[PDB]
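**Student:** This is the structure I have questions about; it appears just below.
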There are 4 protein chains.
Amino acid sequence: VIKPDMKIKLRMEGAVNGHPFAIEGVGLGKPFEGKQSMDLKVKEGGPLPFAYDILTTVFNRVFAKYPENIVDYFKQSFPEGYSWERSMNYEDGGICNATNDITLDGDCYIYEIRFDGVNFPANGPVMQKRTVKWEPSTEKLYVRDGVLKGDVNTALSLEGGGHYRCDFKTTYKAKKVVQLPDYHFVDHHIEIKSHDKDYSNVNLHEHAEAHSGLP
Amino acid sequence: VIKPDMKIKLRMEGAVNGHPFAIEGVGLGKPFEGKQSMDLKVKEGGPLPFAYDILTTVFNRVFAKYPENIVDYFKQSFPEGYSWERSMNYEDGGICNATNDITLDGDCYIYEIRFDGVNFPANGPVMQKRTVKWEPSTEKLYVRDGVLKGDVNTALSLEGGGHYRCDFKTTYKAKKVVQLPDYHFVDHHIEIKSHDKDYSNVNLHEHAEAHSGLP
Amino acid sequence: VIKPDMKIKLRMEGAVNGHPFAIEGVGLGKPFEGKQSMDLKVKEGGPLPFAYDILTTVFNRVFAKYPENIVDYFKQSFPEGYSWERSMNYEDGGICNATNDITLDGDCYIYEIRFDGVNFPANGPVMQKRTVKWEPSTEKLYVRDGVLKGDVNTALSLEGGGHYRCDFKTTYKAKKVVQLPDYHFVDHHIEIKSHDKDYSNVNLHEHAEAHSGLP
Amino acid sequence: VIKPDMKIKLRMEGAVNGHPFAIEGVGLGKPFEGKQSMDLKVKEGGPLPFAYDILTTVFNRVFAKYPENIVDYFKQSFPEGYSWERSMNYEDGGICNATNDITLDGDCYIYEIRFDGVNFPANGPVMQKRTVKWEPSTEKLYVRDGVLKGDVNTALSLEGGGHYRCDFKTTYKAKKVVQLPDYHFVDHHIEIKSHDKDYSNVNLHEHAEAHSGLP
């Protein structure tokens with residue numbers, strides 16, 4: 001039900017500070033290798049007046065190399081798939097709520113994504129597009145209430161130097177009854193490799209690997 | 001452009017835990033008395049699977065009795081109107097992001113409302129509908145970066161006794177340039193006066209008054 | 001067991017950012033009117049390198065005018081007394097933890113206070129002493145798991161204008177079993193009415209009254 | 001000023017929910033291997049009524065294996081030493097503030113530690129001693145306003161399954177001016193390897209290694 005090379009199809013509908021927009025993408029990745037790539041195009045709301053970086057981590061933990069000794073919650077959810085919800089709390093009060101319903105059509109994962117960000121101040125690095133990239137991060141996964149949770153505190157590197165921190169809280173919900181894993185981690189590194197000047201076209205990459213902490 | 005009896009029309013589109021819904025309402029109130037009333041109808045997504053209480057405070061601080069000695073930011077923004085954004089952080093991690101774009105058509109306020117709540121646990125009081133009502137509250141309003149902010153920390157009473165806390169962070173943005181007020185407060189009391197079995201119809205009231213704290 | 005005119009004596013021992021200090025005070029107030037005043041003298045750690053305002057709300061909710069229809073948890077805990085614990089979470093990450101053990105010797109309340117604040121940035125308004133005063137505030141008191149809690153969200157006005165927000169979470173523990181009140185509020189207004197150049201001497205006042213919200 | 005084998009001596013003074021205690025310890029470790037061990041004795045306030053686990057991470061990032069390509073701030077600050085402050089906010093509202101002043105006498109590190117935790121609920125896992133161990137963690141170190149910061153959010157495994165989350169925010173200040181590192185990580189794994197019934201004697205270990213995350 002999971003092939004070495006899979007395809008990605010997605011549509012994101014959302015708003016930032018009351019500004020609606022829409023973005024669609026097509027991509028591919030190798031789940032057992034924890035790597036993926038995609039091309040994203042703004043469809044509605046362009047040119048986006050906020051930093052594209054706040055959306056990129058919303059654009060699937062099936063693209064994570066899981067070792068044999070750690071139960072793979074996500075690869076166990078297919079073909080039925082799973083959904084996830086996330087609150088991304090930025091340190092200056094900007095809050096982004098996102099949902100993604102992931103299904104499987106043959107060898108293509110299909111994402112239905114909603115994204116709503118609020119309370120981003122005018123002089124902030126998000127509205128002023130002063131973000132550079134997300135730093136590499138380490139997510140922590142643990143079971144709560146029969147469902148899988150995902151917490152990662154990370155930050156964005158800033159233009160004039162410095163970092164802009166954000167707290168992620170994700171709830172992962174399998175559609176069928178799968179086996180739940182133990183407490184573990186997933187290392188991430190998301191990168192926006194190419195883009196045009198106003199980010200209506202974006203090439204985004206991500207490398208992810210699961211581990212059990214210090215060996 | 002602001003008389004003692006005004007009307008309200010609204011449409012809310014939103015989702016909770018990835019579950020979409022839509023609600024419309026019609027109402028009226030007395031802005032100079034800080035009182036208002038409305039009838040709400042679910043149009044999509046019914047029956048709502050979450051506590052209706054999380055929606056009511058998203059369903060306009062022009063309906064607040066402001067004394068002369070406190071600058072009225074909201075009555076000053078009309079007829080052009082204003083918009084507001086809000087994050088509502090519940091103590092169990094449930095987060096609701098909401099926006100409201102308020103315009104004026106004659107003597108009727110028109111709301112375009114978006115509402116997005118995520119990470120509400122299945123066993124929580126919201127998904128289990130164990131909330132009774134919002135307690136009376138006191139909002140604190142202050143200026144930051146030329147716009148008016150609104151912080152209020154309050155709670156919902158629970159079915160078996162106890163309180164379920166939530167933190168509100170609201171940004172108020174007037175569409176035209178108006179005068180900024182000083183640090184002040186607004187006392188609130190929101191109430192569901194009537195509803196049917198599945199909350200498809202809701203009659204909602206709110207009482208609001210501004211003050212400057214202990215004299 | 002409480003008279004209209006009571007006296008206060010206290011000693012606070014603590015540190016901020018790892019630098020120790022100690023302060024003693026003597027004061028007086030009228031519990032049934034919720035007003036009080038005191039004189040504080042620094043005995044250790046002077047001259048204080050941090051804003052004195054971060055300390056003032058630590059320097060007894062018995063000094064609060066309680067209406068007949070609201071159970072007075074604090075005046076009912078005497079002569080045995082009560083203790084309280086409080087975290088004060090400032091929006092830039094500075095955190096102050098405080099405790100107060102309140103006893104009664106005849107007509108004088110005795111406070112044994114501990115105060116520990118950390119992570120105050122050098123460029124922040126606290127370490128740079130850019131604070132002016134606490135704004136009037138409204139605290140909410142509610143029972144949780146048999147204990148009386150007190151949450152209040154307020155801010156400090158800054159020198160060049162602006163506000164520096166802080167989250168208070170207080171736990172009130174009576175020494176004997178006392179009747180618990182219902183959900184209610186307490187309005188506050190604390191003021192430094194006089195001080196010398198380096199705040200070695202401070203005359204501090206507070207006016208507090210409990211109420212039930214709108215109306 | 002750094003040898004393969006160093007010794008540790010410390011004294012911690014503190015209070016939890018207002019009840020004072022004091023602990024001293026002696027230990028040894030290998031800074032270049034990022035592992036250390038120590039034996040701790042409760043001297044005042046015993047037997048401790050709270051989970052000992054809340055204290056262990058307060059009982060020195062010099063015991064962290066730093067690779068050549070990452071600046072070692074802690075090792076590059078001796079012999080003068082450094083200090084650190086930290087806020088540990090647990091998900092149920094219990095918050096612990098701690099400071100450690102680290103000096104070097106020959107080949108022995110000396111810690112002067114203050115520890116203050118408040119608002120731990122009686123029915124919570126800390127006051128009921130339902131904690132098992134800290135999970136392995138990944139800390140993130142970054143520069144802000146010329147100072148070294150360390151953020152890690154982790155959790156304690158609880159008796160019978162489950163996790164109790166905590167957010168650490170640490171400020172590292174070398175006494176002398178050293179060299180600030182770039183954004184990097186330090187993996188942690190702390191374990192109580194032996195203790196007597198009421199934790200009057202505790203032998204504590206920690207293994208730590210710095211890295212740069214997924215490349």
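Chain labels A, B, ... are given in the sequence in which chains occur in the structure tokens; within each chain residues are numbered consecutively from 1, and ligands are likewise numbered from 1 in the order shown.
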Would you pick out the contacts of residue 178 in chain B at 7 Å or less, using only C-alpha atoms, so that residues sharing its chain but fewer than 2 positions from it are not included, and give the list as a VMD selection string?
**Tutor:** chain B and resid 73 76 to 77 176 180
**Student:** Restricted to N, CA and C atoms, what would the selected residues look like written as an mmCIF file, in the first residue's frame?
**Tutor:**
data_model
loop_
_atom_site.group_PDB
_atom_site.id
_atom_site.type_symbol
_atom_site.label_atom_id
_atom_site.label_comp_id
_atom_site.auth_asym_id
_atom_site.auth_seq_id
_atom_site.Cartn_x
_atom_site.Cartn_y
_atom_site.Cartn_z
ATOM 1 N N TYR B 73 -13.405 53.655 20.301
ATOM 2 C CA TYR B 73 -12.716 53.266 19.074
ATOM 3 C C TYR B 73 -13.693 52.716 18.041
ATOM 4 N N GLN B 76 -16.303 55.163 16.457
ATOM 5 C CA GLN B 76 -15.564 56.098 15.620
ATOM 6 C C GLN B 76 -15.168 55.511 14.271
ATOM 7 N N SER B 77 -15.187 54.188 14.124
ATOM 8 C CA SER B 77 -14.754 53.547 12.888
ATOM 9 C C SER B 77 -15.849 53.461 11.831
ATOM 10 N N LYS B 176 -10.783 53.210 8.973
ATOM 11 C CA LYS B 176 -10.284 54.566 8.836
ATOM 12 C C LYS B 176 -9.516 54.952 10.091
ATOM 13 N N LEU B 180 -7.083 56.942 19.233
ATOM 14 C CA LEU B 180 -6.837 55.775 20.050
ATOM 15 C C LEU B 180 -7.232 56.059 21.489
#
**Student:** Output as a PyMOL selection string the set of chain B residues within 12 Å of chain D, with distances taken over only C-alpha atoms.
**Tutor:** chain B and resi 91-93
**Student:** Filtering to N, CA, C and O atoms, could you give me those residues as a compact mmCIF listing (two decimals), in the first residue's frame?
**Tutor:**
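Saved result, result-v8.txt, follows:
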# COMPACT_ATOMS: atom_id res chain seq x y z
N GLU B 91 -7.53 26.00 27.93
CA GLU B 91 -6.48 25.46 28.78
C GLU B 91 -6.11 24.01 28.47
O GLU B 91 -5.03 23.57 28.88
N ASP B 92 -6.94 23.27 27.75
CA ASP B 92 -6.58 21.90 27.39
C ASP B 92 -5.95 21.82 26.00
O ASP B 92 -5.84 20.72 25.44
N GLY B 93 -5.56 22.96 25.42
CA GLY B 93 -4.86 22.99 24.16
C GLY B 93 -5.74 23.27 22.95
O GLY B 93 -5.20 23.52 21.87
**Student:** Residues within 7 Å of residue 208 in chain A, please, as a ChimeraX atom specification. Count only C-alpha atoms; anything in the same chain fewer than 2 positions from it doesn't count.
**Tutor:** /A:34-35,63-65,186-189,206,210
**Student:** So, counting only C-alpha atoms, which residue among C:112, C:167, C:135, C:33 is closest to residue 59 in chain C?
**Tutor:**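 When distances to residue 59 in chain C are compared using only C-alpha atoms, the smallest one comes from C:112.
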**Student:** Just checking: using only C-alpha atoms, which residue out of A:211, A:140, A:43, A:130 ends up closest to residue 20 in chain A?
**Tutor:**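 Answer, going by the shortest atom-to-atom distance: A:43.
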**Student:** Both chains have the same sequence, so match all Cα atoms in order, fit chain C onto chain B by least squares, and return it as an mmCIF file with C-alpha atoms, in the first residue's frame.
**Tutor:**
data_model
loop_
_atom_site.group_PDB
_atom_site.id
_atom_site.type_symbol
_atom_site.label_atom_id
_atom_site.label_comp_id
_atom_site.auth_asym_id
_atom_site.auth_seq_id
_atom_site.Cartn_x
_atom_site.Cartn_y
_atom_site.Cartn_z
ATOM 1 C CA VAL C 1 -24.091 57.493 11.680
ATOM 2 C CA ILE C 2 -25.148 54.988 14.390
ATOM 3 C CA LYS C 3 -28.691 55.116 15.704
ATOM 4 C CA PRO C 4 -29.936 53.922 19.122
ATOM 5 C CA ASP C 5 -31.546 50.871 17.466
ATOM 6 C CA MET C 6 -29.438 48.899 14.990
ATOM 7 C CA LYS C 7 -29.820 45.520 13.301
ATOM 8 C CA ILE C 8 -27.404 42.651 12.681
ATOM 9 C CA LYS C 9 -27.004 40.129 9.870
ATOM 10 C CA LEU C 10 -24.096 37.721 9.730
ATOM 11 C CA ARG C 11 -22.702 34.552 8.240
ATOM 12 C CA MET C 12 -19.985 32.502 9.885
ATOM 13 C CA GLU C 13 -18.086 29.870 7.913
ATOM 14 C CA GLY C 14 -15.684 27.602 9.707
ATOM 15 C CA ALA C 15 -14.554 24.225 10.973
ATOM 16 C CA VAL C 16 -13.517 22.594 14.252
ATOM 17 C CA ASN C 17 -11.105 19.632 14.266
ATOM 18 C CA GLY C 18 -11.362 19.707 10.452
ATOM 19 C CA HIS C 19 -15.154 19.319 10.206
ATOM 20 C CA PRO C 20 -16.803 22.200 8.313
ATOM 21 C CA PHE C 21 -20.000 24.037 9.191
ATOM 22 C CA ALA C 22 -21.750 27.330 8.519
ATOM 23 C CA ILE C 23 -24.162 29.495 10.503
ATOM 24 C CA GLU C 24 -26.213 32.580 9.712
ATOM 25 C CA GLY C 25 -27.847 35.019 12.070
ATOM 26 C CA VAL C 26 -30.031 38.082 12.346
ATOM 27 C CA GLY C 27 -30.231 40.282 15.393
ATOM 28 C CA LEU C 28 -30.618 43.707 16.920
ATOM 29 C CA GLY C 29 -29.201 45.807 19.713
ATOM 30 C CA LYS C 30 -28.684 49.251 21.200
ATOM 31 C CA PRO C 31 -25.044 50.385 20.797
ATOM 32 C CA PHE C 32 -25.284 53.228 23.318
ATOM 33 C CA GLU C 33 -26.445 50.808 26.048
ATOM 34 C CA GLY C 34 -24.155 47.973 25.008
ATOM 35 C CA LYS C 35 -26.902 45.345 24.725
ATOM 36 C CA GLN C 36 -27.786 43.091 21.805
ATOM 37 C CA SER C 37 -29.633 39.910 20.885
ATOM 38 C CA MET C 38 -29.665 37.676 17.832
ATOM 39 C CA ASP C 39 -31.063 34.459 16.392
ATOM 40 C CA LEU C 40 -28.674 31.967 14.799
ATOM 41 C CA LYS C 41 -29.510 29.054 12.499
ATOM 42 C CA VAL C 42 -27.117 26.304 11.431
ATOM 43 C CA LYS C 43 -27.053 25.918 7.649
ATOM 44 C CA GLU C 44 -24.155 23.480 7.164
ATOM 45 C CA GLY C 45 -22.552 20.804 9.317
ATOM 46 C CA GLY C 46 -25.537 20.221 11.596
ATOM 47 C CA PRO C 47 -26.036 18.785 14.041
ATOM 48 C CA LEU C 48 -22.959 20.494 15.472
ATOM 49 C CA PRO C 49 -20.728 17.917 17.240
ATOM 50 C CA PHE C 50 -19.042 20.557 19.435
ATOM 51 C CA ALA C 51 -20.144 22.859 22.227
ATOM 52 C CA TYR C 52 -21.981 25.858 20.783
ATOM 53 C CA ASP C 53 -20.503 28.073 23.526
ATOM 54 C CA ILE C 54 -17.104 28.134 21.791
ATOM 55 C CA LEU C 55 -18.818 30.187 19.050
ATOM 56 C CA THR C 56 -20.924 32.703 20.980
ATOM 57 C CA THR C 57 -18.226 35.304 21.669
ATOM 58 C CA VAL C 58 -17.454 35.361 17.937
ATOM 59 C CA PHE C 59 -21.089 36.160 17.002
ATOM 60 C CA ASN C 60 -18.885 43.525 17.724
ATOM 61 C CA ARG C 61 -17.617 45.849 20.322
ATOM 62 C CA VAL C 62 -19.822 48.672 19.018
ATOM 63 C CA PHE C 63 -22.444 47.133 21.322
ATOM 64 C CA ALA C 64 -20.758 48.451 24.461
ATOM 65 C CA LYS C 65 -21.839 51.389 26.640
ATOM 66 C CA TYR C 66 -18.907 53.825 26.551
ATOM 67 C CA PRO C 67 -18.593 56.628 29.128
ATOM 68 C CA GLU C 68 -17.762 60.160 28.007
ATOM 69 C CA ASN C 69 -14.180 60.073 29.330
ATOM 70 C CA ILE C 70 -13.218 56.906 27.412
ATOM 71 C CA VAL C 71 -12.608 57.185 23.671
ATOM 72 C CA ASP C 72 -15.028 54.953 21.777
ATOM 73 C CA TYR C 73 -12.870 53.357 19.096
ATOM 74 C CA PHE C 74 -15.710 51.199 17.750
ATOM 75 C CA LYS C 75 -18.568 53.690 17.313
ATOM 76 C CA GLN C 76 -16.041 56.136 15.823
ATOM 77 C CA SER C 77 -14.986 53.692 13.079
ATOM 78 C CA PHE C 78 -18.394 53.837 11.400
ATOM 79 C CA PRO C 79 -19.799 54.284 8.792
ATOM 80 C CA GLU C 80 -16.586 52.851 7.279
ATOM 81 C CA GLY C 81 -16.473 50.092 9.894
ATOM 82 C CA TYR C 82 -13.701 47.890 11.226
ATOM 83 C CA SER C 83 -12.447 44.304 11.371
ATOM 84 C CA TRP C 84 -11.145 42.117 14.175
ATOM 85 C CA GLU C 85 -9.017 38.997 14.596
ATOM 86 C CA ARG C 86 -8.951 36.788 17.679
ATOM 87 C CA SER C 87 -7.222 33.727 19.060
ATOM 88 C CA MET C 88 -9.020 31.796 21.810
ATOM 89 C CA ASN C 89 -6.579 29.558 23.701
ATOM 90 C CA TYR C 90 -8.313 26.937 25.844
ATOM 91 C CA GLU C 91 -6.390 25.467 28.761
ATOM 92 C CA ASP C 92 -6.440 21.920 27.344
ATOM 93 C CA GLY C 93 -4.783 23.054 24.109
ATOM 94 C CA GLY C 94 -7.876 23.632 21.982
ATOM 95 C CA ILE C 95 -7.337 26.765 19.879
ATOM 96 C CA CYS C 96 -9.980 28.733 17.968
ATOM 97 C CA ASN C 97 -9.007 31.403 15.432
ATOM 98 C CA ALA C 98 -11.711 33.824 14.311
ATOM 99 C CA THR C 99 -12.039 36.935 12.162
ATOM 100 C CA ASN C 100 -14.956 39.301 11.615
ATOM 101 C CA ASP C 101 -15.256 41.857 8.834
ATOM 102 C CA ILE C 102 -17.925 44.312 9.973
ATOM 103 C CA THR C 103 -19.603 46.657 7.510
ATOM 104 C CA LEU C 104 -22.674 48.872 7.752
ATOM 105 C CA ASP C 105 -25.575 48.846 5.291
ATOM 106 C CA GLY C 106 -27.863 51.664 6.378
ATOM 107 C CA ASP C 107 -28.880 50.612 9.886
ATOM 108 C CA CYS C 108 -27.668 46.995 9.748
ATOM 109 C CA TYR C 109 -24.235 45.731 10.714
ATOM 110 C CA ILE C 110 -23.002 42.973 8.402
ATOM 111 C CA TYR C 111 -20.511 40.388 9.666
ATOM 112 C CA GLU C 112 -18.381 38.141 7.470
ATOM 113 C CA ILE C 113 -16.955 35.691 9.991
ATOM 114 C CA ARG C 114 -14.382 32.907 9.746
ATOM 115 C CA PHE C 115 -13.905 30.453 12.622
ATOM 116 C CA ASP C 116 -11.318 27.678 12.911
ATOM 117 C CA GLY C 117 -10.763 25.563 16.021
ATOM 118 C CA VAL C 118 -8.327 22.663 16.278
ATOM 119 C CA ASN C 119 -6.857 20.163 18.753
ATOM 120 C CA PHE C 120 -10.049 19.738 20.758
ATOM 121 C CA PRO C 121 -9.680 16.350 22.508
ATOM 122 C CA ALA C 122 -12.509 13.859 22.190
ATOM 123 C CA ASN C 123 -12.779 13.489 25.982
ATOM 124 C CA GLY C 124 -12.749 17.247 26.610
ATOM 125 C CA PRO C 125 -15.759 19.303 27.650
ATOM 126 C CA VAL C 126 -16.105 20.835 24.173
ATOM 127 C CA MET C 127 -16.376 17.646 22.110
ATOM 128 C CA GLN C 128 -18.534 16.055 24.835
ATOM 129 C CA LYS C 129 -20.782 19.158 25.085
ATOM 130 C CA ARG C 130 -20.358 19.419 28.860
ATOM 131 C CA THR C 131 -20.307 23.225 28.762
ATOM 132 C CA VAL C 132 -23.003 25.296 30.481
ATOM 133 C CA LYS C 133 -22.240 28.992 29.960
ATOM 134 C CA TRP C 134 -19.531 31.618 29.771
ATOM 135 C CA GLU C 135 -18.946 33.428 33.017
ATOM 136 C CA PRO C 136 -19.139 37.223 33.089
ATOM 137 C CA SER C 137 -15.757 38.603 32.093
ATOM 138 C CA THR C 138 -13.697 41.788 32.020
ATOM 139 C CA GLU C 139 -11.663 42.524 28.905
ATOM 140 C CA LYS C 140 -8.723 44.944 28.870
ATOM 141 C CA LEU C 141 -8.219 47.146 25.828
ATOM 142 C CA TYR C 142 -4.868 48.785 25.121
ATOM 143 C CA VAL C 143 -2.959 50.200 22.176
ATOM 144 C CA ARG C 144 0.150 48.475 20.850
ATOM 145 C CA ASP C 145 2.068 49.611 17.753
ATOM 146 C CA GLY C 146 -0.802 51.819 16.616
ATOM 147 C CA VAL C 147 -3.472 49.122 16.914
ATOM 148 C CA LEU C 148 -6.138 48.562 19.550
ATOM 149 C CA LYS C 149 -5.834 45.229 21.332
ATOM 150 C CA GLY C 150 -8.222 43.377 23.576
ATOM 151 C CA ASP C 151 -7.213 40.720 26.078
ATOM 152 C CA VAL C 152 -9.755 38.929 28.245
ATOM 153 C CA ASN C 153 -9.316 35.831 30.369
ATOM 154 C CA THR C 154 -12.473 33.983 31.262
ATOM 155 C CA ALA C 155 -13.861 30.476 31.589
ATOM 156 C CA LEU C 156 -16.837 28.287 30.800
ATOM 157 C CA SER C 157 -18.771 26.783 33.671
ATOM 158 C CA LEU C 158 -19.099 23.027 33.265
ATOM 159 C CA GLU C 159 -22.046 20.698 33.762
ATOM 160 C CA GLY C 160 -20.951 18.886 36.905
ATOM 161 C CA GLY C 161 -19.483 22.098 38.201
ATOM 162 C CA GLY C 162 -16.071 23.561 37.521
ATOM 163 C CA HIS C 163 -14.575 25.942 35.019
ATOM 164 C CA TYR C 164 -12.818 25.559 31.660
ATOM 165 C CA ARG C 165 -10.503 28.537 31.117
ATOM 166 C CA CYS C 166 -9.787 30.333 27.845
ATOM 167 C CA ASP C 167 -7.404 33.105 26.749
ATOM 168 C CA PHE C 168 -8.749 35.699 24.307
ATOM 169 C CA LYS C 169 -6.379 37.868 22.253
ATOM 170 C CA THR C 170 -8.240 40.261 19.945
ATOM 171 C CA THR C 171 -6.828 42.759 17.447
ATOM 172 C CA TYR C 172 -9.172 45.598 16.473
ATOM 173 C CA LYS C 173 -8.451 47.324 13.145
ATOM 174 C CA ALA C 174 -10.543 50.296 12.083
ATOM 175 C CA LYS C 175 -10.942 50.687 8.333
ATOM 176 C CA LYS C 176 -10.116 54.404 8.543
ATOM 177 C CA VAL C 177 -7.752 56.196 10.902
ATOM 178 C CA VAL C 178 -9.583 56.643 14.224
ATOM 179 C CA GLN C 179 -8.472 58.170 17.496
ATOM 180 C CA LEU C 180 -6.952 55.620 19.855
ATOM 181 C CA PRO C 181 -8.275 55.301 23.425
ATOM 182 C CA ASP C 182 -6.300 54.957 26.611
ATOM 183 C CA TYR C 183 -6.007 51.757 28.632
ATOM 184 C CA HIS C 184 -9.486 50.770 29.812
ATOM 185 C CA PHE C 185 -11.781 47.792 30.380
ATOM 186 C CA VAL C 186 -14.996 46.335 28.996
ATOM 187 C CA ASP C 187 -17.152 44.076 31.162
ATOM 188 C CA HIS C 188 -19.041 41.320 29.332
ATOM 189 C CA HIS C 189 -21.962 38.983 29.951
ATOM 190 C CA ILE C 190 -23.030 36.748 27.066
ATOM 191 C CA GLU C 191 -25.870 34.259 27.474
ATOM 192 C CA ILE C 192 -27.671 31.660 25.398
ATOM 193 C CA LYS C 193 -31.231 32.430 26.474
ATOM 194 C CA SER C 194 -32.905 29.775 24.312
ATOM 195 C CA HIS C 195 -31.919 26.960 21.964
ATOM 196 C CA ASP C 196 -33.344 23.773 20.535
ATOM 197 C CA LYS C 197 -32.107 20.240 21.225
ATOM 198 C CA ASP C 198 -29.176 20.207 18.776
ATOM 199 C CA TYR C 199 -28.535 23.987 18.792
ATOM 200 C CA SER C 200 -29.785 24.396 15.233
ATOM 201 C CA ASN C 201 -31.583 27.490 16.541
ATOM 202 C CA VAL C 202 -29.961 29.715 19.168
ATOM 203 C CA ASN C 203 -31.100 33.016 20.669
ATOM 204 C CA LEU C 204 -28.010 34.797 21.998
ATOM 205 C CA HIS C 205 -27.695 37.963 24.088
ATOM 206 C CA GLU C 206 -24.822 40.130 25.266
ATOM 207 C CA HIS C 207 -24.513 43.074 27.659
ATOM 208 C CA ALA C 208 -21.279 45.073 27.627
ATOM 209 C CA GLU C 209 -20.126 48.298 29.289
ATOM 210 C CA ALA C 210 -16.719 49.977 29.286
ATOM 211 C CA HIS C 211 -15.123 51.385 32.441
ATOM 212 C CA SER C 212 -11.771 52.522 33.860
ATOM 213 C CA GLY C 213 -11.259 50.127 36.772
ATOM 214 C CA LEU C 214 -11.201 50.951 40.468
ATOM 215 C CA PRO C 215 -13.189 52.981 41.316
#
**Student:** Write down as an MDAnalysis selection string the residues of range 45-187 of chain D whose backbone DSSP state falls under helix (DSSP H, G or I).
**Tutor:** chainID D and resid 53:56 75:77
**Student:** List every residue of range 57-158 of chain C that DSSP, applied to the backbone of this structure, places in strand (DSSP E), and write the result as a PyMOL selection string.
**Tutor:** chain C and resi 82-90+95-105+108-118+131-134+137-144+147-158
